[PDB]
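Let me begin by presenting the structure, written as structure tokens, before commenting on it.
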Amino acid sequence: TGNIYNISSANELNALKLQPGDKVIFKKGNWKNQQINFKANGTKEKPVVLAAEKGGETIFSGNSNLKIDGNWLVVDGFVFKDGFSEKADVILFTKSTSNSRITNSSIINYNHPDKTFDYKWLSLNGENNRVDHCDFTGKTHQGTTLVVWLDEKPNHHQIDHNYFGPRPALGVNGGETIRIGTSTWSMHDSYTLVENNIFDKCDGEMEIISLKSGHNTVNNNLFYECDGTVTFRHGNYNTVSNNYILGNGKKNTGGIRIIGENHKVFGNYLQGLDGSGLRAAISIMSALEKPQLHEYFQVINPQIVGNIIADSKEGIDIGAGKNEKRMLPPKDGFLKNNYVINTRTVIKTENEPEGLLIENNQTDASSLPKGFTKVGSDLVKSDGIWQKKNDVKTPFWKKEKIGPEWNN
Amino acid sequence: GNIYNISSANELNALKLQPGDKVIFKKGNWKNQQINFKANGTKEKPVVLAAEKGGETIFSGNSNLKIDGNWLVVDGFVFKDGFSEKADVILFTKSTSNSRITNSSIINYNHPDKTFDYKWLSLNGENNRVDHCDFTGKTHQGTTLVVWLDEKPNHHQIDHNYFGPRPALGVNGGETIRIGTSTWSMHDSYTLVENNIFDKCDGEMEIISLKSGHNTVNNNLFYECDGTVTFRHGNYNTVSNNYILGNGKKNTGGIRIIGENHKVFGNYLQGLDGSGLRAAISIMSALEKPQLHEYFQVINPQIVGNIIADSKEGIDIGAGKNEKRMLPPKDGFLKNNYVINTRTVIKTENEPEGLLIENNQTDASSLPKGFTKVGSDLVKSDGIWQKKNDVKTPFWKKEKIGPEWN
């Protein structure tokens, strides 16, 4: 069996010599200026846990920060609120951290008094780390809420079942909810999985999720009333699939913006969107001829299949963002088996693509565009979401606990 | 400020340090000290962590140091009789700016496992300085001192240090100093490596590996080093006024050029035994469409005023050429260099395109194009062949190198 240590201070944690299987229980209460360094090494069989006595009842206020530094560690039930970080990211997974996890935890309005002061709320480094059943809400200052920092090897991190709540408009770039990589690391493989999360009113900037590395999967998430887009910003071989981007008619709600090579966009429900051009439900950007990593790379071989676009201002925009510098149009790939209904502009072409196969796309538009057919394959509407009658399913957020287990 | 006297890493953690304060670590041999120097100072009043008596505060066993914050100074520490279990021995974090480590040493601080990777000093952040230190005897995987690149130039300064004997590692990753990696090679670094001694640094082919741009390696001594100073990745680097003195030692190489807009001037490259990639001045051949971790074509190298003497091979244009590396050096010049008592003045493995070779002087009977007989008077002063009108006492003869207490 394992030892159980009952503590109420970072100083007591620092004095423990933790072994695989140990559990450190942080007592219920409101503790200020806590500098928590969870530095220990567990094993697959015997993880080292740092848990709140009662989930959501151990609150870290003032200038509190958490560092997870080791292998097979688990942090569970903590809340950061009524404070801010003076410098470091609120929660950090070190580069030497692997197979570690933070669960049932929250960061709420943990804002620096200075809006221009940059820190992230959660930073992922190392490999096979997991962020699940957490709540990150109300960031008003500079910096992406949750970042995956890329390194020379893929991370294979998992970000699942979290609630990312309202994030107000930052007014400048760096207000993303999730950023996976940077331009410098954009040609590296990341393999991050972003699954079954809720992004509710994440309005920090243009990008809600900014992908800037390769082989990432954004699957089965809900983006509800988000003033922004899911952007394939830099990198190749990314997948954005089975997500519900429900704008609910909200001003400037955008869809999936495609930049770069070999990307797959499939099975998404892109409805109630108010965006156009770069904010269309499916936006396939124009690009530069000889770009630097931080610029725009030509869309090559996009595979856009089975997406249901409905009740939106603009369905697909091919060549969006075209100008004097960005003259390269999308090329290769296919735009097929999609459905575009009750949409003011079904398909706009700002830059004619090359070899992009457009076929079997059902629409209710009076003037059928090139590559589109008439709606006949039953499109039903269960839970305010226009779905295919035989593919009707209960959306993951109606039957799964998203955010901390102790919270409702 | 206040003078805090401590004898433990835990004691330092309990202090609320303010600008101008000084922490004095007690003389003695302290085992397994995990030192976390997290504090902030100012330009006028820095926070100092100093040994009670320089060189008499030893950290043995599994001891590490982290310098985390602005305007911090670490002084007089010795790391020996131990090893790191994972982390780099001395680390400046990314949040560290205007901080310094002086009069400190890391000696035979080796892991029992030759394959276990950690660096002895890692530089992150901005405007940090490593000076008057001694780093000697690394036998395990990993470069001795690393400059880790980030999105902004660091402008670090590495000066007046003694990098002592480093035995041959057997594999790559045995450099003395590496500035950057292939991923960050197109970023500007602006690191200055100046007035250091590299003595028998034999870890691998690269004593210094530049893998970022705008770095300057100036006025250093490379004495009996089994390796080269390589411009490995990146552009706009400078290797100047250095003394590479092989003393005839097997495989002592010179300066190896790869990439664009590099300047190699005023170097004294003497008693070298290398050839090909280890020639006194090697100008590599490269791939046509290289990825960042490969070889970029030498474009516009400016090689001037170097004095090559008593060596096996002077200049190798097109060194390393094979089926993959076919692109030869192009543009720039090779002028006003001297090649005396050297078995091969110039070896051409790949004819350069538009490389101007002119006004180079040699004592060789057969003159290559761009070469003339030695017209200027040369003197051998302090063991080094120099122009009689340009004689200077080498820096290491008139400056303290390494810790002041040693």
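Counting neighbours? That spans all protein chains shown, and the Cβs are built from the backbone with ideal geometry, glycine included. Each value in this text was obtained by applying a stated rule to the coordinates, not by laboratory testing.
Things to note:
- When the convex hull of its Cα atoms is projected in every direction, mean area for segment A:88-192 (nm²): 6.3
- Helix-only mean residue ellipticity at 222 nm for chain B, each DSSP H run of n ≥ 4 adding -39500 (n - 2.57), per residue, nearest 500: -500 deg cm²/dmol
- Here the Debye sum runs over all C-alpha atoms of chain B as equal scatterers in vacuum, and log10 of I(q)/I(0) at q = 0.07, 0.15 Å⁻¹ comes out as -0.34, -1.28.
- Most mobile listed residue (A:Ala365, A:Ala281, A:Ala310) in chain A, GNM with C-alpha springs under 10 Å: A:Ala365
- Column: log10 I(q)/I(0), Debye, Cα scatterers of segment B:24-115, q = 0.13, 0.16, 0.17, 0.23 Å⁻¹: -0.42, -0.62, -0.69, -1.14
- Compactness of the protein assembly as shown is given as radius of gyration and Dmax, 30.5, 95 Å, from Cα positions.
- Our analysis of segment B:301-374 gives Rg over Rh at 0.97, with the two radii drawn from alpha carbon positions and Rh computed by the Kirkwood formula.
- Gap separating the Cα centres of segment A:268-346 and segment B:1-61, nearest whole Å: 58
- In segment B:49-178, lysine pairs with alpha-carbon atoms under 29 angstrom apart (chain gap of 8 or more, or interchain): 28
- Comparing Cα centroids, segment A:151-170 and segment A:198-235 end up 9 angstrom apart.
- Fewest-first ranking of B:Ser282, B:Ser7, using other Cβ atoms within 10 Å as the exposure measure: B:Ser7, B:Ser282
- Fluctuation leader among B:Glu44, B:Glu175, B:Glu351 - chain B, Gaussian network, Cα springs under 10 angstrom: B:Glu44
- Note on segment B:65-100 and segment B:366-406: Cα centroid distance 36 Å, given to the nearest whole angstrom.
- If you model segment B:231-369 as an ellipsoid using its alpha carbon gyration tensor, with each semi-axis the square root of five times an eigenvalue, the axes come out at 22, 15, 14 Å, biggest first.
- Members of A:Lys27/A:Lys81; A:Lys27/B:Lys38; A:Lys17/A:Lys44; A:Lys250/A:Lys313; B:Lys211/B:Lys289 lying beyond 21 Å, as alpha-carbon distances in this model show: A:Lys27/B:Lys38
- Measuring nothing but how far apart in sequence close Cα pairs (under 8 Å, 6+ apart) lie, relative to its length, segment A:4-398 scores a relative contact order of 7 percent.
- When A:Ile68, A:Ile245, B:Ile24 are arranged by Cβ crowding within 10 Å, least crowded first, meaning fewest neighbours, the order is B:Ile24, A:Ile68, A:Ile245.
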